[PDB]
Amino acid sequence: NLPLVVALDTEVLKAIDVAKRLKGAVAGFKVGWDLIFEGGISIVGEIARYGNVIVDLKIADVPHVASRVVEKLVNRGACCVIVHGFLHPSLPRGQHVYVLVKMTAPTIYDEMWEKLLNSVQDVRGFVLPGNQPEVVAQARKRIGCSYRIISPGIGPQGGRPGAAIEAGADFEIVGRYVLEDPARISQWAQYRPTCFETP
């Protein structure tokens, strides 16, 4: 069980083939825009047959909509969901929620993220940019092993495989790099999550 969550940013047929292939070998799968666009919400439970599914639609709506979206997903196959921390204090929380507080691309988070880690508690964990290992290390210093950290941005976005884990992350989120060649998951073989054994 490599400390890797594979981002299935691809068509349904390809995603199912990849999931079946990597079943039991990775920590889970991230299902997002591309899959839901093609297959509707029913694709979540389908991928969930093969491992833990994190649904990532970057949830960022007001409470009456966000709460419904979260509940539809977690009750139809998702182990957890990613939501935007910028919504704070109007933020979904609890054990099914990962909160994104800084991104692999420049955004207004770049000035907010440390304050957000101070503000946000009682969630599953945080998403922090794995192409900025210093950010992961600082965050882990601040929160210790209280919450999970998962980190995208490995490969095309600049991050080296394992470098976010080295810096303190529990799992790295990897899309194109792995989709292009699923055998690359072996590059995570020597790594273990910093704090939590499961995402």
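In this text, residue numbers run from 1 along the sequence as written.
| said: On mean Cα temperature factor in this entry, is 99-107 or 113-121 the higher one? | reply: Taking the mean C-alpha B-factor of 99-107 and of 113-121, the larger value falls to 113-121.
| message | Mean Cα B factor from the PDB record: higher for 149-157, or higher for 45-53? | response | Mean C-alpha B-factor is greater for 45-53.
| query | Of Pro133, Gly28, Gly40, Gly32, which one's C-alpha B factor is largest in the deposited record? | reply | Reading the PDB entry, the winner on C-alpha B-factor is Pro133.
| said: Quick check for you: using the entry's CA B-factors within this chain, is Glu11 in the lowest, middle or highest third? | reply: For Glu11, the deposited C-alpha B-factor lands in the middle third.
| request: Please place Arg142 in the lowest, middle or highest third of its chain by C-alpha B factor as given in the entry. | output: According to the entry, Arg142 has a C-alpha B-factor in the chain's highest third.
| Taking the entry's C-alpha B-factors for this chain, is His88 in the lowest, middle or highest third? | Bottom third by C-alpha B-factor.
| said: Could you place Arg68 in the lowest, middle or highest third of its chain by Cα temperature factor, using the values in the record? | reply: CA B-factor rank for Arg68: middle third.
| request: Just say lowest, middle or highest third for the CA B-factor of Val18 relative to the other modelled residues in its chain. | output: For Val18, the deposited C-alpha B-factor lands in the lowest third.
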